[PDB]
$ cat work00.txt   # compact mmCIF, C-alpha atoms and all ligand atoms
# COMPACT_ATOMS: atom_id res chain seq x y z
CA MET S 1 0.00 0.00 0.00
CA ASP S 2 1.67 3.17 -1.28
CA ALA S 3 0.57 6.82 -1.12
CA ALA S 4 -1.41 6.48 -4.36
CA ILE S 5 -2.86 3.29 -2.89
CA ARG S 6 -3.41 5.12 0.41
CA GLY S 7 -5.55 7.76 -1.29
CA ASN S 8 -5.97 9.91 -4.37
CA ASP S 9 -7.35 13.39 -3.66
CA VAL S 10 -6.72 14.73 -7.19
CA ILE S 11 -9.47 14.03 -9.73
CA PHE S 12 -9.56 14.02 -13.52
CA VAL S 13 -12.58 15.03 -15.59
CA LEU S 14 -13.67 15.15 -19.23
CA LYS S 15 -16.05 17.63 -20.85
CA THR S 16 -17.92 15.59 -23.50
CA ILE S 17 -18.45 12.11 -24.94
CA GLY S 18 -16.21 10.19 -27.33
CA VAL S 19 -12.90 11.93 -26.65
CA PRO S 20 -10.11 9.92 -28.35
CA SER S 21 -7.36 8.52 -26.15
CA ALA S 22 -4.74 10.42 -28.17
CA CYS S 23 -6.18 13.73 -26.97
CA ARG S 24 -6.40 12.41 -23.40
CA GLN S 25 -2.75 11.34 -23.36
CA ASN S 26 -1.90 14.71 -24.95
CA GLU S 27 -3.70 16.47 -22.04
CA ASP S 28 -5.87 18.42 -24.46
CA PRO S 29 -7.33 21.42 -22.58
CA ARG S 30 -10.50 21.29 -24.69
CA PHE S 31 -11.49 17.87 -23.32
CA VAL S 32 -9.52 16.72 -20.26
CA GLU S 33 -8.71 18.61 -17.08
CA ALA S 34 -7.48 18.02 -13.54
CA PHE S 35 -9.23 19.36 -10.45
CA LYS S 36 -9.66 18.99 -6.71
CA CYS S 37 -12.90 18.78 -4.74
CA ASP S 38 -13.01 22.50 -3.99
CA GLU S 39 -11.88 23.50 -7.49
CA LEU S 40 -14.57 21.37 -9.13
CA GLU S 41 -17.07 22.74 -6.60
CA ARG S 42 -16.56 26.33 -7.74
CA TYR S 43 -16.27 25.16 -11.35
CA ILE S 44 -19.69 23.47 -11.32
CA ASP S 45 -21.20 26.33 -9.29
CA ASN S 46 -19.91 28.97 -11.71
CA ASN S 47 -20.47 27.05 -14.97
CA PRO S 48 -23.58 24.86 -14.63
CA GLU S 49 -24.00 24.64 -18.41
CA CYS S 50 -20.88 22.49 -18.87
CA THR S 51 -20.92 18.69 -18.94
CA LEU S 52 -18.39 17.00 -16.65
CA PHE S 53 -17.43 13.30 -16.80
CA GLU S 54 -15.11 12.25 -13.98
CA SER S 55 -12.72 9.33 -14.50
CA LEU S 56 -9.16 8.10 -13.89
CA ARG S 57 -5.92 9.46 -15.29
CA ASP S 58 -4.76 5.92 -16.09
CA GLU S 59 -5.49 2.37 -14.97
CA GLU S 60 -1.84 1.54 -14.20
CA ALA S 61 -1.49 3.21 -10.79
CA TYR S 62 -4.95 4.39 -9.71
CA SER S 63 -6.97 1.20 -10.15
CA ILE S 64 -8.50 1.68 -6.69
CA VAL S 65 -12.03 3.12 -6.86
CA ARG S 66 -15.12 3.23 -4.70
CA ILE S 67 -17.71 0.63 -5.67
CA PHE S 68 -20.41 2.33 -7.73
CA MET S 69 -23.46 1.42 -9.81
CA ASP S 70 -25.87 3.10 -12.22
CA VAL S 71 -29.57 2.21 -12.15
CA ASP S 72 -31.91 3.24 -14.98
CA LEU S 73 -35.59 2.24 -14.92
CA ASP S 74 -38.06 3.53 -17.51
CA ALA S 75 -40.75 4.22 -14.92
CA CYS S 76 -41.61 6.24 -11.82
CA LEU S 77 -42.29 4.98 -8.29
CA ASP S 78 -44.01 6.52 -5.30
CA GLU S 79 -41.86 7.22 -2.27
CA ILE S 80 -42.83 4.27 -0.07
CA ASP S 81 -42.51 1.67 -2.83
CA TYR S 82 -39.26 3.36 -3.86
CA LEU S 83 -37.94 2.95 -0.32
CA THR S 84 -38.92 -0.71 -0.19
CA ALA S 85 -37.27 -1.35 -3.55
CA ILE S 86 -34.09 0.48 -2.56
CA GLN S 87 -33.82 -1.49 0.69
CA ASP S 88 -34.19 -4.82 -1.10
CA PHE S 89 -31.77 -3.64 -3.78
CA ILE S 90 -29.12 -2.61 -1.27
CA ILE S 91 -29.33 -5.84 0.71
CA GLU S 92 -29.11 -8.03 -2.41
CA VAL S 93 -26.24 -6.07 -3.95
CA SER S 94 -24.25 -5.83 -0.73
CA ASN S 95 -24.62 -9.58 -0.28
CA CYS S 96 -23.63 -10.32 -3.88
CA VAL S 97 -20.53 -8.13 -3.90
CA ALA S 98 -19.41 -9.46 -0.52
CA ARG S 99 -19.85 -13.07 -1.66
CA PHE S 100 -17.87 -12.43 -4.84
CA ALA S 101 -15.09 -10.84 -2.80
CA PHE S 102 -15.08 -13.77 -0.37
CA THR S 103 -14.97 -16.43 -3.07
CA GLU S 104 -12.41 -14.69 -5.32
CA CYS S 105 -10.52 -11.93 -3.47
CA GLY S 106 -10.30 -13.97 -0.27
CA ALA S 107 -11.60 -11.10 1.84
CA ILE S 108 -13.81 -11.30 4.92
CA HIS S 109 -17.47 -11.47 3.92
CA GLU S 110 -18.74 -9.68 7.02
CA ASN S 111 -16.21 -6.86 6.72
CA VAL S 112 -17.39 -6.18 3.16
CA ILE S 113 -21.05 -6.32 4.20
CA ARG T 1 -75.36 -12.14 -13.31
CA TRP T 2 -58.81 -7.69 4.73
CA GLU T 3 -59.33 -11.09 3.14
CA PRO T 4 -58.90 -13.89 5.73
CA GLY T 5 -57.98 -16.48 3.11
CA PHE T 6 -54.46 -17.03 4.47
CA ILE T 7 -54.26 -16.31 8.23
CA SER T 8 -56.36 -14.64 10.92
CA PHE T 9 -56.39 -10.88 11.39
CA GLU T 10 -55.47 -11.12 15.08
CA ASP T 11 -52.34 -13.05 14.09
CA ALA T 12 -51.30 -10.18 11.81
CA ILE T 13 -52.04 -7.67 14.58
CA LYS T 14 -49.96 -9.57 17.13
CA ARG T 15 -47.12 -9.95 14.62
CA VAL T 16 -47.17 -6.18 14.08
CA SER T 17 -47.16 -5.66 17.85
CA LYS T 18 -44.21 -8.04 18.25
CA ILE T 19 -42.24 -6.27 15.52
CA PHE T 20 -42.64 -2.93 17.31
CA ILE T 21 -40.39 -2.92 20.37
CA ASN T 22 -42.40 -0.06 21.86
CA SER T 23 -45.95 -0.71 23.00
CA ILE T 24 -48.94 -0.14 20.72
CA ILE T 25 -51.56 2.24 22.07
CA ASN T 26 -54.40 1.93 19.53
CA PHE T 27 -54.12 -1.83 18.94
CA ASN T 28 -57.69 -2.39 20.14
CA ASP T 29 -59.00 0.35 17.83
CA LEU T 30 -57.88 -1.67 14.79
CA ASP T 31 -60.51 -3.94 13.25
CA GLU T 32 -60.97 -5.91 10.02
CA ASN T 33 -61.93 -2.80 8.04
CA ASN T 34 -59.84 0.06 9.45
CA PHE T 35 -56.20 -1.09 9.47
CA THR T 36 -55.42 0.68 6.19
CA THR T 37 -56.96 3.90 7.56
CA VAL T 38 -56.37 4.13 11.33
CA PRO T 39 -52.92 5.59 12.08
CA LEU T 40 -50.78 3.76 14.61
CA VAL T 41 -49.70 5.31 17.91
CA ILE T 42 -46.56 3.72 19.48
CA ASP T 43 -45.19 4.01 23.06
CA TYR T 44 -41.78 5.22 21.68
CA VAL T 45 -39.80 3.22 24.34
CA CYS T 46 -38.91 3.32 17.05
CA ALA T 47 -37.07 0.05 16.41
CA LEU T 48 -37.27 0.25 12.58
CA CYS T 49 -35.06 3.39 12.83
CA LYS T 50 -33.51 3.29 16.35
CA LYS T 51 -34.53 6.93 16.78
CA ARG T 52 -35.73 8.22 20.14
CA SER T 53 -39.07 9.48 18.82
CA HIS T 54 -40.87 10.24 15.54
CA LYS T 55 -42.86 13.40 14.75
CA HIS T 56 -45.42 11.49 12.66
CA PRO T 57 -47.28 8.21 13.22
CA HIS T 58 -46.84 4.96 11.34
CA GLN T 59 -49.43 3.36 9.08
CA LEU T 60 -50.25 -0.05 7.60
CA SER T 61 -50.99 -0.91 3.98
CA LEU T 62 -52.12 -4.22 2.48
CA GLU T 63 -50.32 -5.01 -0.78
CA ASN T 64 -50.35 -8.36 -2.64
CA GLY T 65 -50.70 -10.39 0.55
CA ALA T 66 -48.33 -8.34 2.70
CA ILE T 67 -48.63 -5.73 5.44
CA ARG T 68 -46.25 -2.84 4.84
CA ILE T 69 -45.55 -0.44 7.71
CA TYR T 70 -44.40 3.06 6.82
CA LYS T 71 -44.14 6.28 8.80
CA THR T 72 -46.20 9.21 7.55
CA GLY T 73 -44.92 12.70 6.79
CA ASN T 74 -41.46 12.12 5.34
CA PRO T 75 -41.09 8.34 4.82
CA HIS T 76 -37.29 8.54 4.54
CA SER T 77 -37.00 9.24 8.28
CA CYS T 78 -38.15 5.76 9.36
CA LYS T 79 -37.49 2.50 7.53
CA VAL T 80 -40.33 0.68 5.78
CA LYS T 81 -41.13 -2.78 7.16
CA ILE T 82 -42.68 -5.68 5.25
CA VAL T 83 -44.70 -8.49 6.83
CA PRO T 84 -45.71 -11.59 4.83
CA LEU T 85 -49.35 -12.58 5.30
CA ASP T 86 -49.98 -15.42 2.84
CA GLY T 87 -49.28 -18.73 4.53
CA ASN T 88 -49.38 -22.39 3.61
CA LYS T 89 -52.05 -23.96 5.81
CA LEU T 90 -49.85 -26.99 6.46
CA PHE T 91 -47.35 -24.50 7.94
CA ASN T 92 -49.83 -22.70 10.18
CA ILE T 93 -50.80 -26.10 11.57
CA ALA T 94 -47.16 -26.83 12.39
CA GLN T 95 -46.78 -23.42 14.01
CA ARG T 96 -49.83 -24.05 16.18
CA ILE T 97 -48.51 -27.47 17.19
CA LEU T 98 -45.12 -26.06 18.20
CA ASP T 99 -46.87 -23.30 20.15
CA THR T 100 -48.09 -25.92 22.63
CA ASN T 101 -44.52 -27.20 23.20
ZN ZN S 201 -38.46 5.58 13.38

$ encode --input "work00.txt" --output "structure tokens" --more "lines below"
Ligand SMILES: [Zn+2]
Amino acid sequence: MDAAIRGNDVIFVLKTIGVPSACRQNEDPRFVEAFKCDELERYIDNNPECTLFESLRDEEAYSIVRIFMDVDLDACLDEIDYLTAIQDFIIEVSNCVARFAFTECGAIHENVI
Amino acid sequence: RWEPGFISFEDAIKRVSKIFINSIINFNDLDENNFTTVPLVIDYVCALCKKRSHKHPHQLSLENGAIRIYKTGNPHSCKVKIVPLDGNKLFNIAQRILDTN
């Protein structure tokens, strides 16, 4: 566990979709940029019209990321049913990820849960 | 030209009472045809959320053979509980037999 493995407070963000990797590795100011939490906070406050797509600089050293998911349902739910669905969703997903980690990564199931 | 097809209403009421750690004040006020309407008053002693007290009362809803308990006002404050009501009769018989020890 190194400093980059310890934590990574600097973030990297794109401005649109379909940016070629050549521009990204050429640190093209029109597409890629580097920020911190506070810097991006004032950026998004000052320029709401922009589109910001956060990602990694490279997969070689900063492979560590928080576990994240995107859910997209073509419907609308009332609040109480939404809460029930989110509770069932969170229990099932937490279980599934923990079990995968236990059976492959050799981690403690209960710690992950 | 409430449906008691699965278990008794008093069994559902006592299950709801057991789930609530705090006492239930208006348990007697609940009948076969008011449980979806009569708000619930607890004795605080709320387990579902571990909070000391709640500004708004809980309520019961019957949905596809289940009793769902949710707190009024802002539902996000207190967790929603689900109780299964449909029951295999051959299982209720076993439960009754084990009740006698
Ligand atoms: Zn509560």

$ interface_residues --input "work00.txt" --of "chain T" --to "chain S" --cutoff "8 Å" --atoms "all atoms listed in the file" --output "PyMOL selection string"
chain T and resi 70+75-76+79-81

$ residues_near_ligand --input "work00.txt" --ligand "ligand ZN 201 (chain S)" --cutoff "6 Å" --atoms "only C-alpha atoms and all ligand atoms" --output "list in words"
residues 46, 48, 49, 51, 54 and 78 of chain T

$ closest_residue --input "work00.txt" --among "S:74, S:66, S:107, S:113" --to "residue 95 (chain S)" --atoms "all atoms listed in the file"
S:113

$ atom_distance --input "work00.txt" --atom1 "CA of residue 105 (chain S)" --atom2 "CA of residue 62 (chain S)"
18.3 Å

$ atom_distance --input "work00.txt" --atom1 "CA of residue 94 (chain T)" --atom2 "CA of residue 13 (chain T)"
19.9 Å

$ atom_distance --input "work00.txt" --atom1 "CA of residue 47 (chain S)" --atom2 "CA of residue 76 (chain S)"
29.8 Å

$ residues_around --input "work00.txt" --residues "region 15-19 of chain T" --least-positions-apart "2" --cutoff "9 Å" --atoms "all atoms listed in the file" --output "list in words"
residues 10, 11, 12, 13, 21, 22, 23, 24, 27, 47, 48, 67, 69 and 83 of chain T

$ residues_near_point --input "work00.txt" --point "(-57.3, 3.6, 15.3)" --cutoff "10 Å" --atoms "only C-alpha atoms" --output "JSON, numbers by chain"
{"T": [25, 26, 27, 28, 29, 30, 31, 34, 35, 36, 37, 38, 39, 40, 41]}

$ decode --input "work00.txt" --residues "region 73-112 of chain S" --atoms "N, CA and C atoms" --output "tab-separated table (two decimals), in the first residue's frame"
chain	number	residue	atom	x	y	z
S	73	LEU	N	-34.30	2.88	-14.72
S	73	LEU	CA	-35.59	2.24	-14.92
S	73	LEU	C	-36.52	3.20	-15.64
S	74	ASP	N	-37.17	2.71	-16.70
S	74	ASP	CA	-38.06	3.53	-17.51
S	74	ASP	C	-39.46	3.58	-16.88
S	75	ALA	N	-39.51	4.11	-15.66
S	75	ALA	CA	-40.75	4.22	-14.92
S	75	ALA	C	-40.55	5.17	-13.75
S	76	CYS	N	-41.63	5.42	-13.02
S	76	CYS	CA	-41.61	6.24	-11.82
S	76	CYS	C	-42.29	5.48	-10.68
S	77	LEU	N	-41.78	5.66	-9.47
S	77	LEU	CA	-42.29	4.98	-8.29
S	77	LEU	C	-42.63	5.99	-7.21
S	78	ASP	N	-43.69	5.72	-6.47
S	78	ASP	CA	-44.01	6.52	-5.30
S	78	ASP	C	-43.00	6.26	-4.19
S	79	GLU	N	-42.97	7.17	-3.22
S	79	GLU	CA	-41.86	7.22	-2.27
S	79	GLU	C	-41.75	5.95	-1.44
S	80	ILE	N	-42.88	5.42	-0.96
S	80	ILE	CA	-42.83	4.27	-0.07
S	80	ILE	C	-42.39	3.01	-0.82
S	81	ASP	N	-42.95	2.79	-2.01
S	81	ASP	CA	-42.51	1.67	-2.83
S	81	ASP	C	-41.06	1.85	-3.25
S	82	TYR	N	-40.66	3.09	-3.54
S	82	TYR	CA	-39.26	3.36	-3.86
S	82	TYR	C	-38.35	2.98	-2.71
S	83	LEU	N	-38.75	3.30	-1.48
S	83	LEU	CA	-37.94	2.95	-0.32
S	83	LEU	C	-37.84	1.45	-0.14
S	84	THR	N	-38.96	0.74	-0.30
S	84	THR	CA	-38.92	-0.71	-0.19
S	84	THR	C	-37.99	-1.31	-1.24
S	85	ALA	N	-38.11	-0.84	-2.48
S	85	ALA	CA	-37.27	-1.35	-3.55
S	85	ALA	C	-35.80	-1.05	-3.30
S	86	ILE	N	-35.49	0.15	-2.80
S	86	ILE	CA	-34.09	0.48	-2.56
S	86	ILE	C	-33.52	-0.34	-1.42
S	87	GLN	N	-34.32	-0.65	-0.39
S	87	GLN	CA	-33.82	-1.49	0.69
S	87	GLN	C	-33.52	-2.90	0.20
S	88	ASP	N	-34.45	-3.48	-0.56
S	88	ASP	CA	-34.19	-4.82	-1.10
S	88	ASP	C	-33.00	-4.80	-2.04
S	89	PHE	N	-32.89	-3.76	-2.87
S	89	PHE	CA	-31.77	-3.64	-3.78
S	89	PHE	C	-30.45	-3.58	-3.03
S	90	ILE	N	-30.39	-2.78	-1.97
S	90	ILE	CA	-29.12	-2.61	-1.27
S	90	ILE	C	-28.73	-3.89	-0.55
S	91	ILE	N	-29.70	-4.60	0.03
S	91	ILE	CA	-29.33	-5.84	0.71
S	91	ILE	C	-28.84	-6.88	-0.30
S	92	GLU	N	-29.55	-7.04	-1.43
S	92	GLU	CA	-29.11	-8.03	-2.41
S	92	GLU	C	-27.74	-7.69	-2.99
S	93	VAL	N	-27.51	-6.42	-3.33
S	93	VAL	CA	-26.24	-6.07	-3.95
S	93	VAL	C	-25.10	-6.17	-2.96
S	94	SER	N	-25.30	-5.70	-1.73
S	94	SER	CA	-24.25	-5.83	-0.73
S	94	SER	C	-23.89	-7.29	-0.53
S	95	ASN	N	-24.90	-8.16	-0.41
S	95	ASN	CA	-24.62	-9.58	-0.28
S	95	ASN	C	-23.82	-10.09	-1.47
S	96	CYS	N	-24.26	-9.76	-2.69
S	96	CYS	CA	-23.63	-10.32	-3.88
S	96	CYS	C	-22.17	-9.90	-4.00
S	97	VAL	N	-21.90	-8.62	-3.81
S	97	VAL	CA	-20.53	-8.13	-3.90
S	97	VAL	C	-19.67	-8.76	-2.82
S	98	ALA	N	-20.19	-8.86	-1.59
S	98	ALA	CA	-19.41	-9.46	-0.52
S	98	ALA	C	-19.11	-10.92	-0.82
S	99	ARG	N	-20.08	-11.66	-1.35
S	99	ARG	CA	-19.85	-13.07	-1.66
S	99	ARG	C	-18.82	-13.23	-2.77
S	100	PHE	N	-18.89	-12.38	-3.80
S	100	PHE	CA	-17.87	-12.43	-4.84
S	100	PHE	C	-16.49	-12.15	-4.27
S	101	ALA	N	-16.38	-11.15	-3.40
S	101	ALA	CA	-15.09	-10.84	-2.80
S	101	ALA	C	-14.59	-12.00	-1.95
S	102	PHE	N	-15.48	-12.64	-1.20
S	102	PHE	CA	-15.08	-13.77	-0.37
S	102	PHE	C	-14.60	-14.94	-1.21
S	103	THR	N	-15.31	-15.25	-2.30
S	103	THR	CA	-14.97	-16.43	-3.07
S	103	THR	C	-13.81	-16.21	-4.04
S	104	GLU	N	-13.51	-14.97	-4.40
S	104	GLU	CA	-12.41	-14.69	-5.32
S	104	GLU	C	-11.27	-13.93	-4.64
S	105	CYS	N	-11.56	-12.77	-4.07
S	105	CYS	CA	-10.52	-11.93	-3.47
S	105	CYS	C	-10.05	-12.45	-2.12
S	106	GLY	N	-10.72	-13.44	-1.55
S	106	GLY	CA	-10.30	-13.97	-0.27
S	106	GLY	C	-10.49	-13.04	0.90
S	107	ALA	N	-11.36	-12.04	0.77
S	107	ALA	CA	-11.60	-11.10	1.84
S	107	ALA	C	-12.61	-11.66	2.84
S	108	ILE	N	-12.81	-10.92	3.92
S	108	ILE	CA	-13.81	-11.30	4.92
S	108	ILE	C	-15.18	-10.85	4.43
S	109	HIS	N	-16.13	-11.78	4.39
S	109	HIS	CA	-17.47	-11.47	3.92
S	109	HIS	C	-18.13	-10.41	4.80
S	110	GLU	N	-18.03	-10.57	6.11
S	110	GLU	CA	-18.74	-9.68	7.02
S	110	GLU	C	-18.14	-8.28	7.01
S	111	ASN	N	-16.83	-8.18	6.83
S	111	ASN	CA	-16.21	-6.86	6.72
S	111	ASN	C	-16.75	-6.11	5.50
S	112	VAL	N	-16.86	-6.81	4.37
S	112	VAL	CA	-17.39	-6.18	3.16
S	112	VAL	C	-18.84	-5.77	3.37
